[PDB]
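Student: Experimental structure and its sequence below.
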Amino acid sequence: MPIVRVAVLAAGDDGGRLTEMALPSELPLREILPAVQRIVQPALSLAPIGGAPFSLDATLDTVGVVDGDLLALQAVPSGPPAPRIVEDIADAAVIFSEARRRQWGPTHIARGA
Amino acid sequence: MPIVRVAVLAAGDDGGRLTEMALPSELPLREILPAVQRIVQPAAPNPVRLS
Amino acid sequence: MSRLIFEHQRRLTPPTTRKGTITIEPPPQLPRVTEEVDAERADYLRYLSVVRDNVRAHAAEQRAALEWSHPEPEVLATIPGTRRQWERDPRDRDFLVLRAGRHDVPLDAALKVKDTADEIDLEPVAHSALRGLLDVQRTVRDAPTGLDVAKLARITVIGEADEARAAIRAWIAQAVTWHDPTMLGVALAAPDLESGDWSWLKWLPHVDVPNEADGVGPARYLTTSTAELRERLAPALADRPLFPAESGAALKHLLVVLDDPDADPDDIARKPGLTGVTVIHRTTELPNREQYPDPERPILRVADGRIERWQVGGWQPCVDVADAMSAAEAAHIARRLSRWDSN
């Protein structure tokens, strides 16, 4: 079976709706994109939730997808899609401890009163 | 569609990782948390649901 | 229904529970007819304090085991795609038991006192402390208890539609995220499957009928009436002995759930039932002195987050905080499970 049953989230104009749909897995996206466009929104490409959108010249199997993945319908970036860079954090306790700090908020005024 | 670019850091029990994310914000967190887990983790303690 | 393979390796050993029956020396008998008895009761009460601590350790061990086996439903979203995803196999003591909430389950290591005299010819304070200990310590407090699918054939779930579907979704999730698709199947014959309260099964790789494909994806057990369901279900349980008897064949103690309150469950199983069938059907016709404490066909009703059984008369509370989950959490779990199959 060349099918993948994915859950595409709709172009939100009333809120995002997980429209489940089966997609032919071995077919290039240039033919299934107009179909799924018809389905999700009554009337540019698919992308994993945080990841980078898939190329129009590819197949779902090749970029990799399985029957439980969530694909959001976005528009391919005008310029080159750029990677995310991980900033190595070596201590989170300080960020949490200083985000719990406010300089002379109304709480200080209450204490002083 | 609506999207939002937010930075997340896993704290955990080990030196975590701060990264950007371009997350769609129209849908319950339960559908996007596994995305964040896949991003900021390099991927039993009696596992716990993370949000 | 998965496009990826799962392989069943050794189950992660649960926290080790043991059944060491703790024996308690009886209270000292009163002087047979004062620092004497003060020291006597002091010794006994110290012994009692340390054995209280010991039995509480036993109880906490049992509870940690039960919580390792039965996590809260909100945890189930993190189980799939992990070494523990379908861990229970038919050698375990938690196979085919699905949590239904937290209730005071009795100790798994029954306390004992050596039977020599149990009258009130004993020390007042020592015997009073012992009776109090034995009265409270029977049970562990708020441990996850559940329903044993293997010893159930019809679970008639009375109650409001919303809460009934919540509890049934909790059970079906707790099951299908702890059991292989070759050891537990799910089928649902509801009036409408276009609705989120039962649509989530669309992805679940345990409603698929083995080696048939109807429409897109492998054909599924979801149907719109018991007749069509049984039609789609016959050559997967019409080789099975009657429910009470034992079978030597490998077989899936599958689940069938009938959301339709009208539907009589006699159109899928028979009156004695099939082995390895669990008809979890909700209705609304309350019973009254239809006495059936038989723990194979229990009538249990969910009221406001507390499942009550119908044992011999009146509603007897079976759980206290009946777990429940939304259609959203179940949808998320069903998605995260559709990535693995072995069927």
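Tutor: That came through, no problem. Residues are numbered from 1 along each chain as shown, chains lettered A, B, ... in the order given.

Student: Spell out which parts of chain A neighbour chain C.
Tutor: By Cβ under 8 Å from any Cβ of the partner chain, the part of chain A that sits against chain C consists of A:1, A:3-5, A:7, A:18, A:20, A:22, A:25, A:66-70. C-beta: built from backbone N, CA, C; applies to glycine.

Student: what about 10 Å?
Tutor: Proximity of chain A to chain C (Cβ under 10 Å from any Cβ of the partner chain) is limited to residues A:1-7, A:18, A:20-25, A:60-61, A:65-70.

Student: Also within reach of chain B: list those from those.
Tutor: Applying Cβ under 10 Å from any Cβ to the residues of chain A next to chain C, those adjacent to chain B are A:7, A:18, A:68-70.

Student: Can I have the buried ones of those as a PyMOL selection?
Tutor: Per 16 or more other Cβ atoms under 10 Å in any protein chain shown, the buried members of these correspond to this PyMOL selection:
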select buried, chain A and resi 7+18+68+69+70
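
Student: Dump the ones next to chain B among the residues of chain A next to chain C to TSV, plus secondary structure.
Tutor: Listed next are those as TSV, based on DSSP: H, G, I helix; E, B strand; the rest coil:
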residue	secondary structure
A:7	strand
A:18	strand
A:68	coil
A:69	coil
A:70	strand
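
Student: Quick check: the residue nearest the centre of chain C vs chain B, distance?
Tutor: In chain C, the centroid-proximal residue (Cα atoms, centre = their mean) is residue C:146; its distance is 2.2 Å. Look at residue C:146 and chain B: by Cβ to the nearest Cβ, to the nearest Å, they are 18 Å apart.

Student: what about the residue in the stretch 151-300 of chain C that chain A sits nearest to, distance to residue C:45?
Tutor: For the stretch 151-300 of chain C, the residue closest to chain A is residue C:216, as judged by Cβ to the nearest Cβ, at 3.9 Å. Distance of residue C:216 to residue C:45, computed by Cβ to Cβ, to the nearest Å: 71 Å.

Student: which of these two has more neighbours?
Tutor: Neighbours per residue (other Cβ atoms under 10 Å in any protein chain shown) separate residue C:216 from residue C:45, with residue C:45 holding more: 17 against 14.

Student: which residue packs closest to that one, ignoring adjacent ones?
Tutor: residue C:129 (6.1 Å; Cβ to Cβ, 6 or more residues apart in numbering or on different chains).

Student: On the three-state scheme, that neighbour is what?
Tutor: helix.

Student: What residues does it make contact with?
Tutor: The contact partners of residue C:129, taken as Cβ atoms under 10 Å, 6 or more residues apart in numbering or on different chains, are C:27, C:41, C:44-45, C:48-49, C:52, C:123.

Student: Now go through those residues and say which are in helices.
Tutor: C:41, C:44-45, C:48-49, C:52 (DSSP state H).

Student: which residues in chain A form strands?
Tutor: A:3-9, A:18-24, A:45-48, A:70-74, A:87-88 (DSSP state E).

Student: Ok, chain B next?
Tutor: So, for chain B - with DSSP E - the strands run B:3-9, B:17-24.

Student: Out of the ones you listed, which is the most enclosed?
Tutor: strand B:17-24 (a mean of 18; mean count of other Cβ atoms under 10 Å in any protein chain shown).

Student: how about it against chain C, any contact?
Tutor: No - using Cβ under 10 Å from any Cβ, strand B:17-24 stays clear of chain C, with a minimum separation of 15.6 Å.

Student: The helix or strand harbouring the residue nearest to the centre of chain C: what's the following helix or strand?
Tutor: Element membership for residue C:146 (DSSP states H and E) is strand C:143-148. Once the chain leaves strand C:143-148, the next helix or strand it forms, by DSSP H and E, is strand C:156-159.

Student: contacting residues around that next one?
Tutor: C:163-168, C:171, C:257-259, C:261, C:265, C:279-287, C:292, C:297-304, C:307-308, C:310, C:315.

Student: what do you get if the cut-off is 7 Å, keeping everything else the same?
Tutor: Outside strand C:156-159, the residues within contact range by Cβ atoms under 7 Å, 6 or more residues apart in numbering or on different chains are C:164, C:167-168, C:280-284, C:286, C:299-303.

Student: and which of those is nearest residue A:45?
Tutor: Checking the contacts of strand C:156-159 against residue A:45 with Cβ to Cβ, the nearest one is residue C:168 at 38.6 Å.

Student: Now the residue of chain B found nearest chain A. Nearest residue, chain neighbours left out?
Tutor: Residue nearest to chain A within chain B: residue B:26 (3.2 Å; Cβ to the nearest Cβ). Excluding its sequence neighbours, the residue lying closest to residue B:26 (Cβ to Cβ, 6+ apart) is residue A:16, at 3.2 Å.

Student: wait, that neighbour sits on residue B:25?
Tutor: No - proximity of residue A:16 to residue B:25 does not meet the contact threshold set by Cβ atoms under 7 Å, at 8.6 Å.

Student: which residues does residue C:144 contact?
Tutor: Taking Cβ under 7 Å, 6+ apart, we find residue C:144 in contact with C:66-67, C:70, C:99, C:102.

Student: ok, residue A:16 and residue B:25, which is more surrounded?
Tutor: residue A:16 (19 against 13).

Student: so what's that one up against?
Tutor: Residue A:16 sits next to A:9-10, B:24, B:26-27 when contact means Cβ under 7 Å, 6+ apart.

Student: What is the neighbour count of residue 15?
Tutor: You didn't say which chain, so I picked chain A. Count around residue A:15 with other Cβ under 10 Å applied: 9.

Student: Oops, wrong one, chain C.
Tutor: By other Cβ under 10 Å, the residues close to residue C:15 number 14.

Student: what do you get for residue C:33?
Tutor: 3.

Student: What of the one 3 residues further on?
Tutor: Neighbourhood size, residue C:36 [other Cβ under 10 Å]: 8.

Student: so which helix or strand takes in it?
Tutor: Residue C:36 belongs to helix C:35-69, assigned by DSSP H and E.

Student: helices or strands up against the helix or strand that that helix is followed by?
Tutor: Going down the chain from helix C:35-69, the next helix or strand is strand C:97-103, by DSSP H and E. Under the contact definition 3 or more Cβ pairs under 7 Å, 6 or more residues apart in numbering or on different chains; DSSP states H and E, strand C:97-103 sits against strand C:143-148, helix C:161-176.

Student: rerun that using 10 Å as the cut-off
Tutor: Under the contact criterion of 3 or more Cβ pairs under 10 Å, 6 or more residues apart in numbering or on different chains; DSSP states H and E, strand C:97-103 touches helix C:35-69, strand C:143-148, helix C:161-176, strand C:299-302, strand C:307-310.

Student: could you check the angle strand C:97-103 makes with the longest one?
Tutor: Right, the one you point to is helix C:35-69. Taking axes from the mean of the first three to the mean of the last three Cα atoms, to 10 degrees, one finds helix C:35-69 and strand C:97-103 inclined to each other by 130 degrees.

Student: show me what contacts residue C:334?
Tutor: Per Cβ under 10 Å, 6+ apart, neighbours of residue C:334: A:7, A:68, C:1, C:80, C:172-173, C:176-177, C:199-207, C:327.
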